[PDB]
Amino acid sequence: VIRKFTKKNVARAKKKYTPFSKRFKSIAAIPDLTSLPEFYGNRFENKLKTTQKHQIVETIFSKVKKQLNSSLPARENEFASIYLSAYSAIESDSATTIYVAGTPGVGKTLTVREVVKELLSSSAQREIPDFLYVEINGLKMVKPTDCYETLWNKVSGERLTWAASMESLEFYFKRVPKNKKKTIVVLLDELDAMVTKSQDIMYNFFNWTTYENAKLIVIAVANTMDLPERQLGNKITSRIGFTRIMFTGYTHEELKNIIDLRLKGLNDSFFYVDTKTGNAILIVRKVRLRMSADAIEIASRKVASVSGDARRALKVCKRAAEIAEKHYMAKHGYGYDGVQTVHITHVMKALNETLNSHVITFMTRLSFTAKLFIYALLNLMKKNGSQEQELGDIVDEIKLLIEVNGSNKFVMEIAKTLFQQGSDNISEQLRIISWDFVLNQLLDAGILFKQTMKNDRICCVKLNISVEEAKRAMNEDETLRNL
Amino acid sequence: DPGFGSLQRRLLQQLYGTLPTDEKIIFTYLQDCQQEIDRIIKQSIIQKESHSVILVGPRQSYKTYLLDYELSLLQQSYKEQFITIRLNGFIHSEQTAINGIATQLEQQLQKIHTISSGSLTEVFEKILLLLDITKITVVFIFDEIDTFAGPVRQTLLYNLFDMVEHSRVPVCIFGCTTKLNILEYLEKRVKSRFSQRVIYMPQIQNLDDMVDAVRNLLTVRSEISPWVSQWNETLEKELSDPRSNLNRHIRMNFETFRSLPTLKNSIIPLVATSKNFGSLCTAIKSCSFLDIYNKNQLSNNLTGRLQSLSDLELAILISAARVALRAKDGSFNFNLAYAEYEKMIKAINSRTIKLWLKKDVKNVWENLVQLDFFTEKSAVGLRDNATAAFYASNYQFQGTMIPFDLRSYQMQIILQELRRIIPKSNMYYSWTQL
Amino acid sequence: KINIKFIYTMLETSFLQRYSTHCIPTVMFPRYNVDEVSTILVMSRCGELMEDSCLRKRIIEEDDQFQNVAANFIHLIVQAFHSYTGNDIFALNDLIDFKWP
Ligand SMILES: Nc1ncnc2c1ncn2[C@@H]1O[C@H](COP(=O)(O)OP(=O)(O)OP(=O)(O)O)[C@@H](O)[C@H]1O
Ligand SMILES: Nc1ncnc2c1ncn2[C@@H]1O[C@H](COP(=O)(O)OP(=O)(O)OP(=O)(O)O)[C@@H](O)[C@H]1O
Ligand SMILES: [Mg+2]
Ligand SMILES: [Mg+2]
């Protein structure tokens, strides 16, 4: 047959369509699912392995940088609340929802994972019954319904399509008796990412916690405390509940304790450093490593002022150690193959490059034509105050600025280059040389905005950057500030 | 002469940058940047540290050049330590980036010694399984990374920066963008997982940086030809004289374009069209081919297109321009322009030009529209993306359903510009005034 | 071993000027003037005109001389209609085809 179009790259999974409600004849026909070899969890790692032919030189700051990587001193009350709710709901065989919200990097996922680890340790001591832990991250899903595919695959071991998985989970949570079940603890991380238009997924996940036979713990980690009030309906907000756990950004003393806990064994300690290569061994010269308490304190105070984000504090300390290690390796010439201190200067330089703006020094290093464009644009904003200027007006005002300051030395040397490219055989041009080039360059830089128009004269252009930093970059130039 | 052929071929190889890796030319103003990049690669491929960094610089500012040079340097000595995944934001979408990563992972892993099989859900699950005696470093080069830092949802950036942060597989991610404020594009969690390592690519700051870059581009440092020493002497005599034609063209590029690829695109046919060594030395002393090149690059603009017009075309364009200048919104049609045209022909003939009929001026009008002298009024033109273009292709615009003599147009060149570039000896010059 | 190389042809200047910061090598083709247009028309059309069937039936109804006849016709067509066509090879070719028999 002759097709009207073709779909030649269809990749379909081997997922069955029949839900769990048709797996046995009756409710009484359902066996004990705990004594089943595929329920409740009853190969790629070696492809990224090779043989090492050299000996990596780990310098003395490499252990500091390794210990400062992201891979519970400040979360006691949050840990205790989450653990007590989960322990009470597991040991009494009930279903509940715990809500956790906070800004990035305040220890939400780490605290919930530690709670789950301690509950698994308590279930290994036969103090609470066994449970299955499932982690669903909404930003790791391709489609939002794939969470239905994930959770059911973690429960039964089957692979169904998402609608059949949703019916299977509904039948499982509602109809299967508690004597044939295991408790499930589900972490719904990045809860805002699973919010869709119809909000059926959110309703189903929080409504399964209201069923009497469910034995389901849903720990929902969010980014805002008012997500059910802003984005969800009244039905899902009623099911989530009034009790919500806020993870506040860290104060500077807790960030100080976090950084000291990552460096408890390294700070104020001695290393055997081999001066031939640079390789350092933690307990040939005996060198003491030190990072200043003033440096850690000022980085922690800065980070707690900004966000209270532990990732940022660890990254600022790691960047300071990297800067100091770069200077040390440069001054000794070591390569990769008596007191070494990472100081408050390195911490301030790590804190400054994140706060430095390149926009002004980008604009001060442009050519004369791009600066002339920006200067004429600012002149037109001063003349009429419209904040959007047509490109033809910019052309006319560039021409005006050339013919008005014609007695200037630099302008009377630049005019032949601008309008004829220094050639007698080239006619006088309506645009300057490199007009399109500097227009497109300022558009790709994000300095400029241009409307989608086909007439080149009446097309409007807007500053995307702030006006005063453009004026500062214009007054930096010698020629433009004199005319 | 085979010696001049070898010298010419080597000069073209140096201009296109296709030298072997140990002979590769790094400009001095690019050095401290590239050593910085040389640190990060060497901390990832060799010392197995995880890094995330965005290169920020304009187009043709040597981001891909320096990254490719670093990968070529590491491939010569450490070729079993790392694999390379290349993504481009124009070519890969949010769906096809996953298939691109998985396909590149399998063709790189079989090159060192399936992941991409199945539906996109299974492919992404297998990528997260693989990525979330030593380890092989995965090096991501993500060109046009601003396109994946969209306002909607930055899923791939989230997962990739989580691979940098929490995974035990050593991952190096290099993003490239022209956006100066790339950090404001990132979502809060994506920015929290990003290291805020942003390397701003260096700019040319003064003239001797460009002269030194030209000297590095054109000096031949190997004994490939009998002509090498004489060519080096000629080139150094040209670049050391501040009044030479080469320094004048380099200065003009510095004040207009400030771009070494722009200069290279002109220098390449200067070398290639030379037939012997004496012609090449004469061409580099005079640089007259650079003037011919500059004239050709401006030949199809508004100024050059005007000089190709016939007298009737120029008359219709002048009449349309003065009608548009008299209009409040700059709009005009075929009828008003024809009325102005016949008023000028009888005003000229009263003081003998054939007065062309309205049925013959239609061809002139269509030629003027096709040559981008008039644009349809309030026309958007070329759309930014394929979705808006597809939306526009299913709608019938009101300009295309009315007769052609009532369509509203606007000028691409105004009457003042027409007075500026039409010669005084032209007999329609007096009507460019009002 | 195989390296693809792209050669593009573009018509309009504004489409090309959208992509100027990419620094792609460009060769421009300016429009011909009227003398180049006339020379191209003569060298492309006089051979087909001087072995046309209408001329060969007309000379038996009533080679260099036929070449001068066709070339003078082309020059007269150019001087009559260059203002109408501009420097358009296709339009002048169509006018020559319409007016030759
Ligand atoms: N109390 C803490 N003690 C030690 N390290 C901590 C602590 N809190 C956070 N960190 C560090 O910061 C990292 C970020 O924490 P986590 O992943 O829990 O953040 P989050 O609140 O879930 O953030 P996001 O919303 O971006 O996912 C942890 O992996 C750990 O390295
Ligand atoms: N692998 C390479 N080998 C040789 N020359 C190269 C290579 N990559 C780029 N170049 C050249 O280096 C110069 C600088 O352009 P480059 O592609 O490096 O810019 P870029 O900063 O990556 O630009 P864009 O932002 O458009 O991607 C150009 O002349 C280009 O031809
Ligand atoms: Mg988290
Ligand atoms: Mg590039």
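Convention: sequence-line order gives letters A, B, ...; per-chain numbering from 1. Basis for what follows: all heavy atoms, side chains included, without hydrogens, waters or symmetry-related copies.
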Quiz item: For the residue pair B:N301 and C:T13, what are the closest heavy atoms and their distance?
Solution: CA-CG2, 4.4 Å
Exercise. Go through the atoms of B:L371 and report whether side chain, backbone, both or neither lie under 4.5 Å from a heavy atom of chain C.
Key: side chain
Quiz prompt | C:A80 to B:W356 - nearest heavy-atom pair and separation | solution = O-CH2, 3.9 Å
Quiz item: When you look at NZ of B:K358, are more than 12 heavy atoms from neighbouring residues, nucleotides or ligands closer to it than 6.0 Å?
Solution: yes
Quiz item: Are more than 12 heavy atoms from other residues, nucleotides or ligands located less than 6.0 Å from atom CG of B:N385?
Solution: yes
Quiz item: Do B:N363 side-chain atoms and C:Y84 backbone N/O form a donor-acceptor pair below 3.5 Å?
Solution: yes
Exercise. Compare all side-chain heavy atoms of B:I268 with those of C:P25 and state whether any distance is below 4.5 angstrom.
Key: no
Quiz item: Should we say atom CD of B:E366 is surrounded by more than 12 heavy atoms from elsewhere, each under 6.0 Å from it?
Solution: yes
Quiz item: Most heavy-atom pairs under 4.5 angstrom with chain C, which of B:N367, B:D360, B:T262?
Solution: B:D360
Self-check item: Proximity breakdown for B:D372 and chain C, heavy-atom pairs closer than 4.5 Å
Solution: side chain
Self-check item: CG (C:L11) with more than 12 external heavy atoms under 6.0 Å
Solution: no
Quiz item: Is C:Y32 atom OH crowded by more than 12 heavy atoms from other residues, nucleotides or ligands, each under 6.0 Å away?
Solution: no
Quiz item: Out of curiosity, B:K295 NZ to C:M28 CE, how far, rounded to the nearest 0.5 Å?
Solution: 14.0 Å
Quiz item: Once you round to the nearest 0.5 Å, how far does CD of B:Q412 lie from OG of C:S14?
Solution: 7.0 Å
Quiz item: Who among B:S299, B:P261, B:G304 has the most heavy-atom pairs with chain C under 4.5 Å?
Solution: B:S299
Self-check item: Contact winner vs chain C - B:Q307, B:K264, B:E313, heavy-atom pairs under 4.5 Å
Solution: B:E313
Quiz item: Taking every heavy-atom pair that is under 4.5 Å apart, which of C:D88, C:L16, C:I24, C:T21 has the most such pairs with chain B?
Solution: C:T21
Self-check item: Residue among B:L382, B:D311, B:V361, B:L314 with most heavy-atom pairs under 4.5 Å to chain C
Solution: B:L382
Quiz item: Measuring heavy-atom distances to chain B, does C:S20 have an atom under 4.5 Å in its side chain, in its backbone, in both, or in neither?
Solution: neither
Self-check item: Atom group of B:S266 that falls short of 4.5 Å from chain C, counting heavy atoms
Solution: neither
Quiz item: In Å, rounded to the nearest 0.5 Å, how long is the span from CG of B:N300 to CD of C:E12?
Solution: 11.5 Å
Quiz item: Near C:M43 CE, under 6.0 Å, is it more than 12 heavy atoms from other residues, nucleotides or ligands?
Solution: no
Quiz prompt | Minimum-distance pair of heavy atoms, taken over all atoms of B:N296 and C:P30 | solution = ND2-CD, 4.3 Å
Quiz prompt | Side chain / backbone / both / neither for C:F15 at chain B, heavy atoms under 4.5 Å | solution = side chain
